[PDB]
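Trainee: For reference, the structure I am asking about is given below.
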Amino acid sequence: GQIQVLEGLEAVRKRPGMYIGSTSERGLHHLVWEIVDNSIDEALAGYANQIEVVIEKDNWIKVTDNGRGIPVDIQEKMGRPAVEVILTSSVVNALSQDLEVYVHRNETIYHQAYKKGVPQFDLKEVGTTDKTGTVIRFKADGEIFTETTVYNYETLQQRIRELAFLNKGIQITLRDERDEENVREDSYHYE
Ligand SMILES: Cc1[nH]c(C(=O)Nc2nc3c(OCCN4CCOCC4)cc(C(=O)O)cc3s2)c(Cl)c1Cl
Ligand SMILES: [Ca+2]
Ligand SMILES: [Cl-]
């Protein structure tokens, strides 16, 4: 089961273009669409209505939603927490030099970190919460995206606006914190 995950990570990193269309600027932006798409599905299921995308210093991406939280219960299949099984089959995780999850669920904050899809430690309880949702922070792997790992605000802005227009009732916010002296935000909420 865990042998199958490792071969999956090797497959994705060996032929990344077969998975995300290209390793160009187009492929770098595709990472964000892959994560945001999961949060939109949680909203269409009726459980989330807010998504926030932050370009952080050094072109980290953080996506946050107010969904149920990715589940943390032990799979009978992997013997591992569900969230670990979901993220260690994620293309985004495989093509990120680092990725972090924080889950707010069961009044608990759970945390795991990964490098090229490989968990760095077991899922751990780190805090308490009265909210539910998921935070993902990732840094695209410079070894995969050799052309650029720099996001284009206007590219993200155009697609986030389109997603909010198509999926009415979802508040979707983009914020660029790369320059701490000049922070730019656009927030879309149709109907
Ligand atoms: C940023 C973000 N948010 C989510 C997210 O909230 N996903 C989420 N998935 C799930 C989920 O599915 C488990 C695994 N898969 C089912 C079949 O499609 C794909 C997911 C179950 C529950 C629940 O049973 O309470 C909650 C949740 S909340 C994911 Cl994944 C990412 Cl990445
Ligand atoms: Ca889905
Ligand atoms: Cl759970």
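Here, each number is a calculation from the coordinates, and none is a lab measurement. Neighbour counts run over all protein chains shown; Cβ positions are idealised from the backbone, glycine included.
Trainee: Would you call residue 77 among the basic types (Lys, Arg), over 13 Å from the mean Cα position of the chain (by Cα) and within 16 Å of ligand 3 (Cβ to nearest atom)?
Mentor: Yes: the conditions hold for residue 77.
Trainee: Would you mind telling me which numbered condition in (1) in contact with an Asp or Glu (Cβ under 6 Å, 6 or more places away or on another chain); (2) surrounded by fewer than 17 Cβ atoms within 10 Å (Cβ to Cβ); (3) not small (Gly, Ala, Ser) residue 190 fails?
Mentor: (1)
Trainee: Take residue 86 and decide whether it is within 16 Å of ligand 3 (Cβ to nearest atom) and surrounded by 19 or more Cβ atoms within 10 Å (Cβ to Cβ).
Mentor: Against the criterion (within 16 Å of ligand 3 (Cβ to nearest atom) and surrounded by 19 or more Cβ atoms within 10 Å (Cβ to Cβ)), residue 86 does not qualify.
Trainee: Any residue at all in the range 67-90 that's more than 12 Å from ligand 1 (Cβ to nearest atom), among the basic types (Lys, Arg) and closer than 27 Å to residue 17 by Cα?
Mentor: No, the conditions are met nowhere in the range 67-90.
Trainee: Enumerate the helices (runs of 4 or more DSSP H) found wholly within the range 23-118, keeping only those where 2 or more residues are among the small types (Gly, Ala, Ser) and in contact (Cβ under 8 Å) with a residue 60 or more places away in the chain.
Mentor: Hits in the range 23-118: 25-44.
Trainee: Here's a check for you: in the range 12-22, which residue that is in contact with a helix residue (DSSP H, G or I) (Cβ under 9 Å, 6 or more places away or on another chain) and part of a helix (DSSP H, G or I) is surrounded by the fewest Cβ atoms within 10 Å (Cβ to Cβ)?
Mentor: My answer is 18.
Trainee: Here's something else I'd like to know. Name the residue, out of 40, 51, 55, that is within 12 Å of ligand 2 (Cβ to nearest atom) and either basic (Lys, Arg) or under 14 Å from residue 135 (Cα atoms) (or both).
Mentor: Just one listed residue meets the conditions, 40.
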